[PDB]
Each structure stands twice: as structure tokens, then as C-alpha cells.
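Listed next as C-alpha cells is one chain, alone, in the form deposited in one PDB entry.
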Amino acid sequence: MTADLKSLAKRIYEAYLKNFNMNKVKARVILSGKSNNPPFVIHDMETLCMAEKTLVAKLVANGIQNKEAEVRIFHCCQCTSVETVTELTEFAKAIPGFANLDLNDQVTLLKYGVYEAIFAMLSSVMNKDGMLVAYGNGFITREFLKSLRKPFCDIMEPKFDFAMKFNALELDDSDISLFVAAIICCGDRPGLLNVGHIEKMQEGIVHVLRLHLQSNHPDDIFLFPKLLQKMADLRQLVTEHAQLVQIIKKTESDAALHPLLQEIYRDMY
């Protein structure tokens, strides 16, 4: 007559496999070079423009009215975030207690948590040379993103830096699913109404995470505190990312921000 924490961990993992279009196994199969619709490599302007014509044709169907390359890239980044936000919102229903919260608290938790979760999961599609994009159908190089004009070259590099260290922890999907659930369940988000119930939701999911890591990673006795630190690092990465997005908003008139993301950023930090 106790909670079955192993079963809860499996429920979380299954919800993550169902709700996210990309997972670490799927990404690694693509990244390894394994036969139908392999990713198109974007390493320079020529290959960016070829990939766009095949994979996002509408965005470049405007002739002389097409936006600048960097702005098109930023638009594609935002489309990816909007999709991942939708996936995270459905995933969160699997977290014990989340769907029992008031709707406004669900919204606040997702508002602060989504970009932390986005950058954690992005590590799964990154290696030291580049990252998968467009539902696994493109691979854009880290050097190409660094070559973009300021401020757009400053978007991805800190995320690659985070990812290389995160990937060295050698987490699998069963671990990452619980880490993402724990990110969402933070009782210290600004503006929460029912802090007490959220704190107990957080305690429960972090307990599931700690026990799972103990079992799944017997070789790394500090993995749990390492991941607690990664959550704090992600909060700082998101604060800095939001500051850069605000610079883009103020100084780049063509880089329209999608309304869902503007709402996430509004009053965030």
C-alpha cells in the first residue's frame, strides 16, 4: 500500500516517448548516418537556401520579399519552440498532480518551465559539430550558426556549450523524461497561487527522479546533484536567452516574434 515509484517513472517515460517528436534514440540513429530521407546538411548559405527550398518552401517563395537569411533562421527556431511548447503541454498531463492544479498555475509552470525543458532536450539533437532540425531532416552546423551576423550568431552557441556537458552525463530517454518533468514542477516560479501543492508535486517527482538515477546510473553516485545543478544552469541560460530575444525584438524589425512566444516571454524575467 505504497506509491509504486518504478511504475511512475515508466509512466513518465512512456508519456515522453508518445508526446515528443524527437527522442535521443531517434536522434542518434539519424546522427550516426543510418537510409530513407537522410538529413540535408546545412553548412553555408548555399546549402541553407537549398534546404529551405525543399523543407520550408513557403518561407522562401516570396522572391525579393524573402526575409534576410538570419531572420528566416530565427523564424524557423521559433517554429521549433512553438511545437515543443505544444508537446510539453500535453506531456505535463502525465505528471502526478499537474492536471489537478488550477489552470492558472498550470499556465505559470509551463510559462517558466518550457524554455528550460527546451534547452535540456535540445542537447539530444546536438553534437559538437551541429544539430538536427526540421523534424530530423536537416543537420545545421555549429560553425554555420556562429557565422551569422550579430545578434543571430549569439543564439545557439551557449546552448551547444550547455549540451556538450549535459551529453557527457550519458543520460538516456528514461532519465531525461523525469528531468523534464522535474523542471516543470518548480514551486518557486513567480506568481504561483498554490505553492504548497506545487511543492508537494515537485517533491514527489524529484523523489521518482532520484530513485531512478540511483538504479539506472549506479556508476555515478553524484548524478542527482549534478542534475539539480543543471536545472539551475538552465534557469540562467533561459534568463540570458530572453534578454537576447528582447534585443532582437527592439533592434530587428523583420524578426517577428510568434504571439505564443511573446506571451511566454512577457513578464518572465
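Rigid core: the largest C-alpha set superposing within 1.5 Å between the two forms. For every residue, the number given is its place in the sequence shown, counted from 1.
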### Message
For the other entries of this protein included in the comparison (both sides of the residue modelled), is residue 36 absent in a third of them or more?
### Response
yes
### Task
Check whether residue 218 has no coordinates in at least a third of the other compared PDB entries of this protein, counting only entries that model residues on both sides of it.
no
### Task
Answer with none, 1 to 3, 4 to 9, or 10 or more: how many deposited residues between residue 34 and residue 35 are not present in the coordinates.
1 to 3
### Segment of higher mean CA temperature factor, 145-153 or 131-139
145-153
### Average Cα temperature factor in the PDB entry - higher stretch of 256-264, 8-16
256-264
#### Entry: Highest recorded Cα temperature factor - choice among 192, 73, 114, 126
192
### Message
Looking at the C-alpha B-factor values in the deposited entry, which of 48, 201, 227, 209 comes out highest?
### Response
201
### Task
Pull the Cα B-factor of residue 161 out of the PDB entry and bin it into the chain's lowest, middle or highest third.
lowest
### Task
Could you look up the Cα B-factor of residue 67 in the entry and say which third of the chain it sits in: lowest, middle or highest?
highest
### Query
Going by what the PDB entry lists, where does residue 205 fall on CA B-factor within its chain: lowest, middle or highest third?
middle
### Query
Within this chain, which third does the Cα B-factor at residue 183 fall in: lowest, middle or highest?
middle
### Query
According to the PDB entry, is the CA B factor of residue 21 in the bottom, middle or top third of its chain, that is, lowest, middle or highest?
lowest
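The following text describes the form deposited in another entry, which does not appear among the structures shown.
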### Summary
The residue to pick from 237, 55, 48, 27, given a Cα shift of 2 Å or more between this form and the one not shown after core fitting, is 55
#### Entry: Direction of the Cα shift between residue 41 and residue 57 in that other deposited form, where the change is 3 Å or more
farther
### Message
What direction does the residue 65-residue 42 Cα distance move in that other deposited form compared with the shown chain, closer or farther, given a change of 3 Å or more?
### Response
closer
